[PDB]
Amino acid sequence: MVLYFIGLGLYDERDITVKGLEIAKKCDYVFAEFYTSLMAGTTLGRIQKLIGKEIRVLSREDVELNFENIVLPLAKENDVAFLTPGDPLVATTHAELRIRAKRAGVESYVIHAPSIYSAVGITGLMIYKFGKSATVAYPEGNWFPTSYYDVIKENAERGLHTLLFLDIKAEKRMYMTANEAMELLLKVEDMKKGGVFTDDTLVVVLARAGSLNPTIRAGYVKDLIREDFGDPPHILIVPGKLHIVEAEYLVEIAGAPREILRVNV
C-alpha cells in the first residue's frame, strides 16, 4: 500500500540517506530510474549490493507512460521503493507521479537526499543570491537554443547568481563539460552581443559534487575555458556581483585570482 520516492544523492552509493537506505531494505520491490540523471561515482551493481535487493531499472517510457502499470500495481499490496538520483521531485517531472499514486489509491512518501541545487553552497556563493536556473543544451541540426543566455542576463542584472545545468544524454552517458558550455556561451554572446558572457566574465565550476574531492574552480572565462576540471558531472555558475565574503571564499578555496576582490565586488 506504500510507495517510497527515495533520493540517491549526488555522486556515489553512499550519498543516499540512512533513512532512505533502511526504508529501501524493508521494501518488497525496488525500482530505480537513471534517465533524468546519472550517479557518476558508482554503478547499479554497487548500489544493488548496498541495498541488498535486486533493483529493476526503468526507462523514461516505462515511467512517463507505464508507471501505473509497472510500479503502482505492486505498491497496492506491498511496500515499493522508487529510487532516483539527487533529491526526488527536484528538476524532474516525477511530481505528477504522486498524483498517479493518489488516483490508484496508493500512499506515497518522499525521502529526501542532497541535490546539486543545495550542494552548490560549497562554492562559497550565498544560496539566497541565486536567481532563476537554466540548462545549457547542445545545439543540433538547425536548432540553436539560447534561452539560458537570457536567464543569466536577467539574473546578473539584478545582482543574482545563475546556476547552469549542463546538457546530459543519460542513456548514452554523455556529459557536456564546463569547457563546452563556456564555448557555447561565447558563441551565443557573439550572436546576441548583450555583453552577458565574455572572456572577462567570472565563472565558477563545480565538478563531482558529493565526492570527497570535488573540483571547485573560479576565474575568468579566458583562463578557465581550456582548463581540465576532471571527470563529469560538471556544473557551471555565473555569479552576480559577489559579496566580499563570497569573493574571499572563491580566492582562498576555489583558487580564484586576487583580481576578483576588486573587479567583481
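When you see a residue number, it is the position in the sequence shown, counting from 1.
Decide which of the stretches 86-94 and 122-130 has the higher mean C-alpha B-factor, going by the entry.
It is 86-94 that shows the higher mean C-alpha B-factor.
Going by the B-factors listed in the PDB entry, is the mean over the C-alpha atoms higher for 148-156 or for 168-176?
Stretch with the greater average CA B-factor: 168-176.
Thinking about Cα B factors across the chain, which third does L8 belong to?
According to the entry, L8 has a C-alpha B-factor in the chain's lowest third.
Going by the entry, which third of its chain does the Cα temperature factor of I47 land in?
According to the entry, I47 has a C-alpha B-factor in the chain's middle third.
By the recorded C-alpha temperature factor, relative to the other modelled residues in its chain, which third is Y35 in?
Middle third of the chain for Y35's C-alpha B-factor.
Looking at the entry's B-factor column for C-alpha atoms only, identify whether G240 ranks in the lowest, middle or highest third of its chain.
For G240, whose C-alpha B-factor we compare with every modelled residue in the chain, the answer is the middle third.
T198's Cα B-factor: lowest, middle or highest third of the chain?
According to the entry, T198 has a C-alpha B-factor in the chain's middle third.
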